[PDB]
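Visitor: Here is my input, please return the structure:
(one chain, ligands or ions: 1)
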Amino acid sequence: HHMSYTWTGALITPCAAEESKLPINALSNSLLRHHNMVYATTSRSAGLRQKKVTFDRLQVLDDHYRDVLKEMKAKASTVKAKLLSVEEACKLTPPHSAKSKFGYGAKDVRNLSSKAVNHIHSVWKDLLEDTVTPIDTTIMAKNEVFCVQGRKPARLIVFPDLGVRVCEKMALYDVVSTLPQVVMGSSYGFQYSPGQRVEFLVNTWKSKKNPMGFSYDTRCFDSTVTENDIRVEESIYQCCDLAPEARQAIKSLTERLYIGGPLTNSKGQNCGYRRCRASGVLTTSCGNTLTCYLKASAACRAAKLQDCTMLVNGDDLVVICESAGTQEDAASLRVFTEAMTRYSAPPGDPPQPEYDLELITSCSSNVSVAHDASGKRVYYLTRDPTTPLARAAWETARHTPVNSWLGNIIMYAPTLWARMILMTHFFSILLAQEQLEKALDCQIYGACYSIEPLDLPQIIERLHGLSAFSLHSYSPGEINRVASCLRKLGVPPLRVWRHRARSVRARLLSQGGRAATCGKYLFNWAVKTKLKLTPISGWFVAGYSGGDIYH
Ligand SMILES: CC(C)CCn1c(=O)c(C2=NS(=O)(=O)c3cc(NS(C)(=O)=O)ccc3N2)c(O)n2ccnc12
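Guide: Numbering: from 1, shown residues only. Take a look:
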């Protein structure tokens with residue numbers, strides 16, 4: 001057996017009671033009426049998740065796999081990475097990151113408290129001196145909001161102690177920030193803003209005489225990741241030009257933490273043991289991207305896919321290539337999938353060839369088209385708004401550590417649903433509470449940012465361009481998917497939201513300075529006669545999911 005996990009039978013436990021039911025307040029019904037459709041995951045379903053993630057991995061590595069790996073290593077040898085000082089790593093820690101078991105917290109770390117710093121120094125020395133003892137991790141059930149499909153079990157998060165997390169940053173922050181783009185070039189997804197990611201997909205689709213594309217979804221990717229895969233990742237990091245002390249900390253973190261280790265619940269009991277990827281380590285995003293790109297690149301070769309271009313964001317993969325005709329394309333995908341499977345990345349849903357760029361979903365998103373003020377066609381990234389709307393509903397009535405509505409407006413600003421619903425609804429709330437000035441935390445590509453809502457128009461201009469404040473004539477397909485999600489969740493129809501936005505718009509103007517700018521730029525779509533809109537950040541460098549990174 002090469003089992004992903006082994007279990008003692010101790011339960012995965014909560015550390016703060018959990019709500020599964022959508023909380024309701026005086027604002028809820030204005031956004032969403034079918035309250036019973038929205039739920040949060042809790043520890044109560046941890047047992048179901050444990051079954052889905054617990055399986056035997058077999059791997060067969062052929063010449064295609066080793067050929068790609070050697071090329072990846074040749075690129076990695078051009079990378080030079082530096083160690084971060086204690087201070088620099090401390091400043092990357094989120095103010096609300098889980099406190100250490102060793103008598104200090106995240107604010108202690110960020111303040112360079114001598115207790116915190118002395119302890120981090122001691123963890124670092126222990127990594128230099130010991131490269132064998134498994135390091136403790138905590139396993140928790142995540143509380144995430146979804147719409148019924150009817151329920152998903154809680155996903156599991158596994159993370160080491162704060163002092164270890166700081167040490168991870170010291171050894172590897174520079175490496176995981178710089179190495180993936182050097183190794184993968186334009187295939188590394190986390191270097192693009194949503195605008196850049198649309199342009200790379202459109203330009204890639206166009207670069208083909210006869211385009212064919214597909215997303216590839218690996219079933220529980222983290223669980224498919226073997227000890228071979230994690231040591232092979234380490235062998236890639238070790239190609240970089242690194243201080244000897246960083247070489248030794250990386251080796252040590254790989255043997256004692258990345259490859260596996262014991263799982264402790266929130267109550268201090270032993271839950272079992274992990275031999276696969278931990279979700280809550282610095283390297284999760286870079287490790288998964290390298291491993292997915294290596295297997296997928298080797299699988300493309302096996303399948304003889306012609307002129308493929310891949311786009312990789314951790315475990316999310318899309319491939320666009322030169323079509324060999326429909327029958328040949330479909331056979332090719334079967335071979336690609338057989339190869340991914342021998343490599344221990346079996347499919348969740350069989351992949352399917354697509355000849356319409358707009359019908360491919362990757363990173364939960366698809367390209368679509370609207371028209372700018374001039375009336376030119378404009379590509380932009382959108383998504384099904386069901387999950388964004390369910391989570392906005394939760395957030396309307398409860399403070400949560402991440403405001404998904406804010407990350408969503410930023411990332412999907414050009415979209416019909418973020419503009420009409422999310423902007424209108426949350427600006428209305430913030431105005432009534434006089435909180436436009438209040439910085440709020442959100443997550444982009446796994447990193448935490450503290451963003452003042454009043455800064456949105458500058459942020460959105462910077463990332464999307466001015467056209468985001470004037471898109472119109474959305475596609476019937478996009479319009480229809482939005483309207484159908486509104487009906488499903490009991491959200492008022494778009495015509496109601498345009499009326500509310502005129503009010504929100506007027507109220508924002510009633511204030512001047514940054515507030516009027518929000519009114520003027522964010523809600524220009526809502527007036528009959530538009531105003532002239534004229535012009536009024538290491539954000540997309542790398543992904544950091546589970547990496548405890550604050551920017
Ligand atoms: C270009 C955007 C609009 C796509 C959608 N999108 C994401 O893909 C990520 C993103 N955030 S993410 O860094 O947590 C992540 C992780 C992984 N896989 S793993 C665990 O690293 O192996 C795959 C994809 C993602 N995508 C994100 O933070 N946000 C925010 C708003 N929209 C997005």
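Visitor: burial count for the residue in the chain that the ligand sits nearest to?
Guide: The ligand sits closest to residue 314 of the chain, with a gap of 2.4 Å, by CB to the nearest ligand atom. To be clear about C-beta, it is placed using only N, CA and C from the backbone, and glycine gets the same treatment. Neighbour count of residue 314, defined by other CB atoms under 10 Å: 26.
Visitor: ditto for residue 417
Guide: Each residue near residue 417 was counted by other CB under 10 Å, and the total is 27.
Visitor: which SSE is it in?
Guide: In this assignment (DSSP states H and E), residue 417 forms part of helix 416-417.
Visitor: Setting aside sequence neighbours, what's the nearest residue to the residue most central in space within the chain?
Guide: The residue lying closest to the centre of the chain (CA atoms, centre = their mean) is residue 445, at 4.4 Å. Nearest non-adjacent residue to residue 445, counting by CB to CB, 6 or more residues apart in numbering: residue 543, 4.4 Å away.
Visitor: Is residue 398 in contact with residue 23, as I believe?
Guide: Yes: in terms of CB atoms under 8 Å, residue 398 counts as a neighbour of residue 23; the distance is 4.9 Å.
Visitor: My read is that the residue nearest to the centre of the chain contacts residue 546, right?
Guide: No: in this structure, residue 445 is not within contact of residue 546 by CB under 8 Å, at 11.9 Å.
Visitor: Which elements pack onto the lengthiest helix in the chain?
Guide: In the chain, with assignment by DSSP state H, the single longest helix is helix 162-184. Helices and strands touching helix 162-184, by 3 or more CB pairs under 8 Å, 6 or more residues apart in numbering; DSSP states H and E, are helix 63-76, helix 86-91, helix 106-110, helix 114-129, helix 227-239, helix 244-253, helix 284-303.
Visitor: list the buried ones in it?
Guide: Using 16 or more other CB atoms under 10 Å as the test for burial, helix 162-184 gives 162-184.
Visitor: I'd like the next helix or strand past that helix.
Guide: Taking DSSP H and E, what comes next after helix 162-184 is helix 194-206.
Visitor: send the alpha carbons of that next one over as PDB?
Guide: What follows is helix 194-206, C-alpha atoms only, in PDB (Å, rounded to 0.1, in the frame of the first residue of the first chain):
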ATOM      1  CA  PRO A 194      -7.700  38.400 -15.100                       C
ATOM      2  CA  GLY A 195      -7.300  40.800 -18.200                       C
ATOM      3  CA  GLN A 196      -3.800  39.200 -19.000                       C
ATOM      4  CA  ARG A 197      -5.200  35.700 -18.500                       C
ATOM      5  CA  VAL A 198      -8.000  36.400 -21.100                       C
ATOM      6  CA  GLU A 199      -5.500  37.800 -23.500                       C
ATOM      7  CA  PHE A 200      -3.200  34.900 -23.200                       C
ATOM      8  CA  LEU A 201      -6.100  32.400 -23.700                       C
ATOM      9  CA  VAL A 202      -7.500  34.400 -26.700                       C
ATOM     10  CA  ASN A 203      -4.100  34.800 -28.200                       C
ATOM     11  CA  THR A 204      -3.300  31.100 -27.700                       C
ATOM     12  CA  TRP A 205      -6.700  30.100 -29.200                       C
ATOM     13  CA  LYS A 206      -5.900  32.300 -32.200                       C
END
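Visitor: Helix 194-206 and the helix or strand following it, what's the angle between them?
Guide: Per DSSP H and E, helix 194-206 leads on to strand 211-217 as the next helix or strand towards the C-terminus. Relative orientation of strand 211-217 and helix 194-206, computed by axes from the mean of the first three to the mean of the last three CA atoms, to 10 degrees: 130 degrees.
Visitor: Helix 284-303 and strand 211-217, what's the angle between them?
Guide: Calculated by the same axes, to 10 degrees, strand 211-217 forms an angle of 130 degrees with helix 284-303.
Visitor: ok now the helix or strand just after strand 211-217, how far from the chain's centre?
Guide: Sequence order places helix 221-224 as the next helix or strand after strand 211-217, per DSSP H and E. Centroid displacement of helix 221-224 relative to its chain, using CA atoms, centre = their mean, to the nearest Å, is 16 Å.
Visitor: tell me what helix 221-224 is packed against?
Guide: Contacts defined by 3+ CB pairs under 8 Å, 6+ apart place helix 221-224 against helix 284-303.
Visitor: Now with 6 Å, please.
Guide: Packing partners of helix 221-224 (3 or more CB pairs under 6 Å, 6 or more residues apart in numbering; DSSP states H and E): none among the helices and strands.
Visitor: What are the buried residues along that helix?
Guide: Buried-residue list, helix 221-224, by 16+ other CB under 10 Å: 221-224.
Visitor: got it, and stretch 363-375?
Guide: Neighbour count says stretch 363-375 has 363, 365-373 buried, by 16+ other CB under 10 Å.
Visitor: next one: stretch 331-351
Guide: Of the residues in stretch 331-351, 332-333, 336-337, 339-346, 351 count as buried by neighbour count, 16+ other CB under 10 Å.
Visitor: Dump those residues to JSON lines, plus distance to residue 202 and secondary structure.
Guide: Written out in JSON lines, the entries for those read as follows (distance: CB to CB, whole Å; DSSP: H, G, I helix; E, B strand; the rest coil):
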{"residue": "332", "distance to residue 202": "23", "secondary structure": "helix"}
{"residue": "333", "distance to residue 202": "22", "secondary structure": "helix"}
{"residue": "336", "distance to residue 202": "23", "secondary structure": "helix"}
{"residue": "337", "distance to residue 202": "26", "secondary structure": "helix"}
{"residue": "339", "distance to residue 202": "28", "secondary structure": "helix"}
{"residue": "340", "distance to residue 202": "26", "secondary structure": "helix"}
{"residue": "341", "distance to residue 202": "31", "secondary structure": "helix"}
{"residue": "342", "distance to residue 202": "33", "secondary structure": "helix"}
{"residue": "343", "distance to residue 202": "30", "secondary structure": "coil"}
{"residue": "344", "distance to residue 202": "33", "secondary structure": "coil"}
{"residue": "345", "distance to residue 202": "27", "secondary structure": "coil"}
{"residue": "346", "distance to residue 202": "31", "secondary structure": "coil"}
{"residue": "351", "distance to residue 202": "21", "secondary structure": "coil"}
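Visitor: Tell me which two in those residues are the farthest apart.
Guide: Pairwise distances across the buried residues of stretch 331-351 (CB to CB) peak at 20.9 Å, for the pair 332 and 344.
Visitor: Show the contacting residues for residue 488.
Guide: For residue 488, no contacting residues are found, by CB atoms under 6 Å, 6 or more residues apart in numbering.
Visitor: Equivalent analysis for residue 440, please.
Guide: Residue 440 is in contact with 403, 406, counting by CB under 6 Å, 6+ apart.
Visitor: That one bridge partners, please.
Guide: Per DSSP bridges, the residues bridged to residue 440 are residue 451.
Visitor: For the stretch 301-450 of the chain, list the residues in contact with the ligand, please.
Guide: When proximity is defined as CB under 6 Å from any ligand atom, the stretch 301-450 of the chain approaches the ligand at 313-316, 363-365, 381, 407-408, 411, 443-446.
Visitor: Please apply the same query to the chain.
Guide: Residues of the chain lying close to the ligand by CB under 6 Å from any ligand atom are 194, 197, 284-285, 288, 313-316, 363-365, 381, 407-408, 411, 443-446, 543, 545.
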